[PDB]
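Participant: Take this structure first; my questions come after.
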Amino acid sequence: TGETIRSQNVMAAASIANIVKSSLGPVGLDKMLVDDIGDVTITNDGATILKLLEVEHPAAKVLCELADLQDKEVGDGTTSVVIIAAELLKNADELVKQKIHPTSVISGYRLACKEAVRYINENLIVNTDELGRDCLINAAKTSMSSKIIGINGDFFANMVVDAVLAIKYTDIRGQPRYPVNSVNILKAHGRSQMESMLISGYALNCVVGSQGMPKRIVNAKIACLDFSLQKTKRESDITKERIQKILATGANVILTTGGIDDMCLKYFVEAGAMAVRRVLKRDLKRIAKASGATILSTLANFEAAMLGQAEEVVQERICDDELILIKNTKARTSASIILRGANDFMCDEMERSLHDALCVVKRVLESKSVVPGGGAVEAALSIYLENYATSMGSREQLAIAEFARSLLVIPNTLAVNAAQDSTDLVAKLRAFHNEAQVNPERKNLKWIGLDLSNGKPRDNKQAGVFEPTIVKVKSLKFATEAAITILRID
Amino acid sequence: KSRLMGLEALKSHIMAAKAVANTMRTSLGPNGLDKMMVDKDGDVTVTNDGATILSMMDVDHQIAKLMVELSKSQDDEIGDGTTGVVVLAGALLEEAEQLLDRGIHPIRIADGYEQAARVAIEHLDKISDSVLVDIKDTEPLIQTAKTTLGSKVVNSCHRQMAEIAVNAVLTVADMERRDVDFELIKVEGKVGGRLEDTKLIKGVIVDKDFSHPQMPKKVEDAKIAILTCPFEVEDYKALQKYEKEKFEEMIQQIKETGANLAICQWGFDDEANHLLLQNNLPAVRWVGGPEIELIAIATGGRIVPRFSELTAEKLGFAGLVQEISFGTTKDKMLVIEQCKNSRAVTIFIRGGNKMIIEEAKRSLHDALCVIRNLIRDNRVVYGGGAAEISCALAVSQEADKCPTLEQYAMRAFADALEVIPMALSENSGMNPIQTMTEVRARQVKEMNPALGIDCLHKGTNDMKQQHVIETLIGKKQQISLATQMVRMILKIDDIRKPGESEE
Amino acid sequence: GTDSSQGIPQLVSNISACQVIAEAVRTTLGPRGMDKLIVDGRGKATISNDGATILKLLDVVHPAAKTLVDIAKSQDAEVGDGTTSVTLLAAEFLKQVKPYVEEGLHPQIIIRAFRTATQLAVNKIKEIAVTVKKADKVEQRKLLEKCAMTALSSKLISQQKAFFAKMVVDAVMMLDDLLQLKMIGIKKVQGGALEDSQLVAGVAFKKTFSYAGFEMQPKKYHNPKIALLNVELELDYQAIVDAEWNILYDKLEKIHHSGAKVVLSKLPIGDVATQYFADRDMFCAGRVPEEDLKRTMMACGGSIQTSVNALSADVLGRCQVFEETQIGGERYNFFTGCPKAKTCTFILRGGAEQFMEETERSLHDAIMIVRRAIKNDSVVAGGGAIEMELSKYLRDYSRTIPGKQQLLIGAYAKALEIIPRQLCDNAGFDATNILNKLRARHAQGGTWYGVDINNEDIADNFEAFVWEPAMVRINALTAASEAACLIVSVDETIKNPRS
Ligand SMILES: Nc1ncnc2c1ncn2[C@@H]1O[C@H](COP(=O)(O)OP(=O)(O)O)[C@@H](O)[C@H]1O
Ligand SMILES: Nc1ncnc2c1ncn2[C@@H]1O[C@H](COP(=O)(O)OP(=O)(O)O)[C@@H](O)[C@H]1O
Ligand SMILES: Nc1ncnc2c1ncn2[C@@H]1O[C@H](COP(=O)(O)OP(=O)(O)O)[C@@H](O)[C@H]1O
């Protein structure tokens, strides 16, 4: 038996959401995806789960398409948007069952979405200014928590935030922009990480180039190349004439990725050029875009003012390892972090934590408008929208009420995946957010979210759990659009 | 497994009601299809009057039950139009089902039907062109009797039974209360005879035996007694002595009181009867029990079963001298009619069949009841569906001026009131819809309100010449009772039958 | 094949049984709700708009429905018939808590939350209860007739029911001795107009074949009392004639000996021998109803006679006046004029026979509402207004509670919304629109706006004079909550059958 195909679509959507429900959050469980030929796949994020799940129901295909489209906008919240859409579908189906026509439900959902996006815009945070120091620090620590390095967390936090702030660009529109690839890793042997000091420029741990670099040279021009300066048998043997010509053009520090010159020592005390093997392309491109120079495949010909410049070069030993201090170039791209220790393998979690801290910092640096995470915003809008709906009086009152009630699934799912009873966490969140509006003096309480590590409510503006406003706005809009499209079906 | 909840129960109720109405909708009108009746024992009778059919029909559904018991509350006030009531109820139920098909709540339908009924009541009050002088209407009463008896060959001797009825009611009509009581039973059914055998006799006729096989029936004296004492060779000699003593003391009581014709309801000795015949007074044995009232009311006396209560002022009375052939082969009875007209007069009927007796007595009862309404309220309206069509037009006019769902109830009530002309046309063997709509168009174009259905296939649809008429209060009571019926059955939503456990 | 015997399955089955027993009587809520027919099993089908009567005559087999209907009956025996607002309320509480139980909430948490919410609601209602008892009720009762005639407004009966209310309130005031529905009743009289109906301070019963002996009784007699007889008055082969003659002689002699004015017996009297039964020289009656008896010994003071010629001083004792009139063309029986006559039997004079049900559903509430208004002082607006107010308080307070109880108190509050919804649904107007408008205007505008049964719109039931005493509502709500918690507390059932 079967009837009301609308309910069938809603149930298909509910099943699709339940497939991915348990993976929401950083602590989500994995899914093992089996294809027809028997291969398996393990992943945490549900975006690739939707991209890999074999959907067959026409109704669920719409949710898959909308989630994929959401991925193309900002690349986050696909699990959240699918879950929110499914909750909306269930609640709208119940409203239909209680003799409310879907048209009024759709209108109420549209009004609720507009009211939510208007309410959020006046209760977000733009404090990611120059005065935001501790927030970034403990955001990095939260992204780096549950680790043995918590004893000396503050030093690594302020080091990484100084490194990320000191290297910012300024694009055409004036909005600051950050490349993650700008900063790289650099291992060291000996003492542990507590003595690691940030390097103002790119540093390569390899053979020593030359001692001809002074304490600080007035001009250090990056004449990067890609060939090996080797004697063979505008020159047939590329050792002297080309380097002489490039120095005549004004090349101070000629970079050689390949082998060093046999007689480079005499030429490096009068010109001060560079010769170190195995220059990484990932760092070569970054230093080229930093100083402003470009890689020259050939020199037999632009070369005087096009090459980049560096303010000073320092020759010193760091953690019993010689490093090249090509720093303070034209554009801030050249920087590195020394990893004091013994090897990169024993500090793999340390470098991964540094990388994820850099990522979570660059998420909030761009899109200066930011909102608290950990389900805080969902609870706040859930409190807002019930009071908004009770003042309508039309037939859309129940639609907006159910929208508000279903908007709480995200904190509930986060609590469920966090191994705490979602009832208590959600109730505590709602209770804290209630006095955030009925009590004007307790206004500094909206930024209360749930902490996944301890399973207790906790302020996240001070903690640093943050999200771009655009991500949540687009997620809400797309969930509402998908819900409306499904409800229009009959 | 299955259950009957929600509006499905109401739909089943409507189905049962419309089934009953369809059963009763074919016998409406003078040309209505006659309906035999059979009992479980095997009794066979054929009656066209719907009141009897409803009364003794076996209905299993509780809805149809409730219908028949609260429809039986119609005959007492009026006695005619029960078929009309049930047909109207079925039409209202069907129209209500039509409305419910579109999602109307039954409460709104019921209140709309109530307002439509009241509106039709005032409209029918304002349309009737009745005559209020029909008190000395002996000649129009002939037409009323003919109309109430136009279904059969009865019209052959309606020229006699009409004046029979008017004289009967003249002997009954009293201008202080205007009603017929229990003791005024004007019924005497004799099986076998002819149309002429049913004539005017204001006497008391009973089927009892004589004192003697050839006793002199000429007992003009009003000194007639009634005995409630029953019959209650050594033992034979003792019984004979007791009988002689009882005879002597009873004769002494007769002489002291003056009650000669001592009729007894039990056994006795014929020697005492012979001796009394020798003394010029009869004594009838084995007489009826409840016949004391009828015999005594011949001139005004009441029941006097006590031995000494039957005095000169309360003698066994007799109606009016007449001696004809009471029965050729049937045992002739006493002449118990000598003295004076009876306030509780009784007429003599000798129809040739059981059904003719039944139809005669029921028609007489309806005729006396409706003219009892006439003397109570001489308001009449022209029947034949003309009143129904006028009410339907008025209700349809009222349908526009209401913004709520009451307009749907207005329309349904009009389309249900129009059913009666449809039924009359159909039972007359002619196209119902076409004839009814033609009459409706004639009434909307011509303001005449007495345009109905020519059921008897006479000249014109107008009943002014046909003299088809019925009391206005009868129509109002019929419409109001049908509306209350549909209203109260429309409230009911679920029936929980005990014993039938829901598996 | 469906079975459920484990704790959570037992609870869900129990509350489903409560759901079905509520559905059995759900639609009868309201002054003009639906009505139901139920057969008694022998063909005497019963029709009754009352909700408590349906539960009383309903057969219950499920233990959960059994305890719920017992709680309902307990509510009935105390104050009027609140069972309609109690069974439905408790059952919908259980229906609302269904999913939370299904999700694994422990029943004890549910019970604690429900008890807390009930205490909060009962404490909150007392800050809104308003008393108007002193303001012109016993003297200058115009407010009291306003409240009484509020019962059946928007009808052509209003002109007549104005006088009806005035006169029944006069009766109540002159008999303000905690009147019940047993000492006050209505007797159908055929014919007449609605305005013709009146009241008599005594019994009213039609004379039948076996009811009354003979007419022309001494009506204007200054001391007529009631006589009760347990011996027949009706009328070896010859060995019974003398016995019958002596029996008749002593039966005739007793009437003059004891001097009884009216004799009431549990045996039929033959009116075919009306003159024979008139030989007693005094009026005698038979086939007396039990109500007629019970209304005549506690008011007039009739005695009991069990012998052939028993004599007493209470067969012709002290009572004010005797009445015997042909009301509506038929002579009725009136044992009025009693020294302590706590009797006011309403003479129902009307044309239509079906108006008896209208009076049953129309005036027994009017006397009920006036008695309720007299007995209590503080009242709150009805028509679901107070339910919406309690829901608003409880829903707004729930969000201030951190912990599992928040969702449960919110569910309780939104559960409290059923009564206005049920009222407007029984009225026929769709519940969603009116309920939403009521919720908005009630959380914003006023604390007493409620559904209107006539025009189907939001009406200020306080200014519409819809009074419900605070105590009655409090007790009904407490009983409903207690029933819900009692059902929740049960998780296992043991049967131990015979075989
Ligand atoms: N450090 C954190 N603390 C609390 N919540 C987090 C944290 N990081 C991510 N989340 C939660 O995870 C949810 C979805 O994140 P994610 O799974 O990365 O995106 P997607 O679902 O698109 O893959 C967000 O709603 C956010 O609240
Ligand atoms: N003269 C007439 N011509 C046509 N039809 C008539 C005439 N007199 C009466 N009728 C019809 O008889 C019907 C009523 O008779 P009916 O209801 O069968 O009697 P009862 O009420 O005893 O069942 C009316 O509907 C009316 O149309
Ligand atoms: N005339 C009316 N207008 C509005 N509401 C009413 C009216 N009569 C009754 N109600 C409401 O109906 C509700 C339920 O009444 P109910 O319990 O069925 O009556 P009873 O107590 O006789 O069973 C009451 O709370 C009351 O507020």
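Chains: A, B, ... in order of the structure tokens. Residues: from 1 per chain. Ligands: from 1, in order shown.
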Residues of chain C no more than 6 Å from chain A, counting only C-alpha atoms: send them over as an NGL selection string.

Facilitator: :C and (399-404 or 433 or 436-437 or 440)

Participant: Keeping N, CA, C and O atoms for every residue in the selection just given, could you write it to a file as a PDB file, in the first residue's frame?

Facilitator:
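Generated file (result03.pdb):
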ATOM      1  N   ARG C 399      11.352  27.909  28.246  1.00  0.00           N
ATOM      2  CA  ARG C 399      12.632  28.295  27.672  1.00  0.00           C
ATOM      3  C   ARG C 399      13.597  28.862  28.704  1.00  0.00           C
ATOM      4  O   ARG C 399      14.777  29.036  28.387  1.00  0.00           O
ATOM      5  N   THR C 400      13.136  29.155  29.915  1.00  0.00           N
ATOM      6  CA  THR C 400      14.019  29.594  30.985  1.00  0.00           C
ATOM      7  C   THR C 400      14.589  28.440  31.797  1.00  0.00           C
ATOM      8  O   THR C 400      15.419  28.677  32.680  1.00  0.00           O
ATOM      9  N   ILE C 401      14.169  27.211  31.530  1.00  0.00           N
ATOM     10  CA  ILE C 401      14.606  26.042  32.289  1.00  0.00           C
ATOM     11  C   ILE C 401      15.690  25.327  31.490  1.00  0.00           C
ATOM     12  O   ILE C 401      15.406  24.844  30.384  1.00  0.00           O
ATOM     13  N   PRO C 402      16.921  25.243  31.991  1.00  0.00           N
ATOM     14  CA  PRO C 402      17.917  24.368  31.362  1.00  0.00           C
ATOM     15  C   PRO C 402      17.767  22.945  31.881  1.00  0.00           C
ATOM     16  O   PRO C 402      17.693  22.716  33.090  1.00  0.00           O
ATOM     17  N   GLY C 403      17.715  21.990  30.961  1.00  0.00           N
ATOM     18  CA  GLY C 403      17.551  20.594  31.297  1.00  0.00           C
ATOM     19  C   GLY C 403      16.445  19.955  30.491  1.00  0.00           C
ATOM     20  O   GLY C 403      15.739  20.604  29.722  1.00  0.00           O
ATOM     21  N   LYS C 404      16.286  18.646  30.695  1.00  0.00           N
ATOM     22  CA  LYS C 404      15.313  17.889  29.917  1.00  0.00           C
ATOM     23  C   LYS C 404      13.895  18.404  30.095  1.00  0.00           C
ATOM     24  O   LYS C 404      13.077  18.252  29.185  1.00  0.00           O
ATOM     25  N   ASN C 433      -7.062  28.435  11.327  1.00  0.00           N
ATOM     26  CA  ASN C 433      -7.062  29.887  11.182  1.00  0.00           C
ATOM     27  C   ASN C 433      -7.500  30.576  12.468  1.00  0.00           C
ATOM     28  O   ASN C 433      -6.826  31.494  12.957  1.00  0.00           O
ATOM     29  N   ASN C 436      -4.864  30.155  15.221  1.00  0.00           N
ATOM     30  CA  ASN C 436      -3.684  30.991  15.035  1.00  0.00           C
ATOM     31  C   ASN C 436      -3.979  32.444  15.376  1.00  0.00           C
ATOM     32  O   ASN C 436      -3.179  33.109  16.049  1.00  0.00           O
ATOM     33  N   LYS C 437      -5.123  32.954  14.917  1.00  0.00           N
ATOM     34  CA  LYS C 437      -5.483  34.328  15.246  1.00  0.00           C
ATOM     35  C   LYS C 437      -5.664  34.496  16.747  1.00  0.00           C
ATOM     36  O   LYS C 437      -5.239  35.505  17.325  1.00  0.00           O
ATOM     37  N   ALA C 440      -2.180  34.576  18.406  1.00  0.00           N
ATOM     38  CA  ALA C 440      -1.494  35.848  18.208  1.00  0.00           C
ATOM     39  C   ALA C 440      -2.106  36.942  19.074  1.00  0.00           C
ATOM     40  O   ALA C 440      -1.402  37.605  19.849  1.00  0.00           O
TER      41      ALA C 440
END

Participant: In segment 166-276 of chain C, what's helix (DSSP H, G or I) per DSSP? Answer as number ranges by chain?

Facilitator: C: 166-174, 194-196, 241-258, 271-276

Participant: Would you mind listing what lies within 12 Å of residue 209 of chain B as a list in words, with only C-alpha atoms counted and same-chain residues fewer than 2 positions away left out?

Facilitator: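 Once the adjacent positions are removed, what remains is residues 205, 206, 207, 211, 212, 213, 214, 215, 217, 263, 264, 265, 283, 284, 285, 286, 287, 288, 330, 331, 332, 333, 334 and 335 of chain B.
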
Participant: Given a cut-off of 8 Å, what residues near ligand 2 show up using only C-alpha atoms and all ligand atoms, put as a VMD selection string?

Facilitator: chain B and resid 27 to 30 32 48 to 51 79 to 85 147 to 148 150 366 383 to 385 420 to 421 424 452 to 456 463 466 to 470

Participant: Can you pull out every residue within 9 Å of segment 73-81 of chain C, counting only C-alpha atoms, but drop anything in the same chain fewer than 6 positions away, and send it as number ranges by chain?

Facilitator: C: 50-52, 55-56, 368, 372, 472, 475-476, 479

Participant: 9 Å from ligand 1 is the threshold here; counting only C-alpha atoms and all ligand atoms, which polymer residues fall inside it? Answer as a PyMOL selection string.

Facilitator: chain A and resi 23-28+44-48+70-71+75-81+139+142-143+360+372-376+410-411+414+449-453+460+464-467+472

Participant: At what distance in Å, to one decimal, does atom CA of residue 395 of chain C lie from atom CA of residue 411 of chain C?

Facilitator: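 Atom CA of residue 411 of chain C sits 8.2 Å away from atom CA of residue 395 of chain C.
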
Participant: Using only C-alpha atoms and all ligand atoms, what are the residues with an atom within 9 Å of ligand 3, set out as a ChimeraX atom specification?

Facilitator: /C:28-33,50-52,79-86,150-153,365,368,381-387,419-420,423,450-454,461,464,466-468,473

Participant: Report the distance between atom CA of residue 123 of chain C and atom CA of residue 435 of chain C in Å, rounded to one decimal place.

Facilitator: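 So the two atoms, atom CA of residue 123 of chain C and atom CA of residue 435 of chain C, lie 25.2 Å apart.
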
Participant: Report as a list in words the set of chain C residues whose atoms approach chain B to within 6 Å, with distances computed over only C-alpha atoms.

Facilitator: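 Applying the cut-off to the listed atoms yields residues 34, 35, 36, 37, 38, 39, 41 and 428 of chain C.
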
Participant: Counting only C-alpha atoms, what is within 7 Å of segment 169-178 of chain C, bar same-chain residues fewer than 4 positions away, as a PyMOL selection string?

Facilitator: chain C and resi 165+342+344

Participant: Write a file of the just-selected residues containing N, CA and C atoms, as a short mmCIF file (atom, residue, chain, number, x, y, z; two decimals), in the first residue's frame.

Facilitator:
data_model
loop_
_atom_site.label_atom_id
_atom_site.label_comp_id
_atom_site.auth_asym_id
_atom_site.auth_seq_id
_atom_site.Cartn_x
_atom_site.Cartn_y
_atom_site.Cartn_z
N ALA C 165 -34.98 32.64 32.27
CA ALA C 165 -33.87 32.81 33.18
C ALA C 165 -34.28 33.59 34.42
N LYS C 342 -38.85 21.56 48.80
CA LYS C 342 -37.66 21.88 48.01
C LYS C 342 -37.83 21.33 46.59
N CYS C 344 -39.22 22.40 42.58
CA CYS C 344 -39.67 23.33 41.54
C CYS C 344 -39.59 22.58 40.22
#
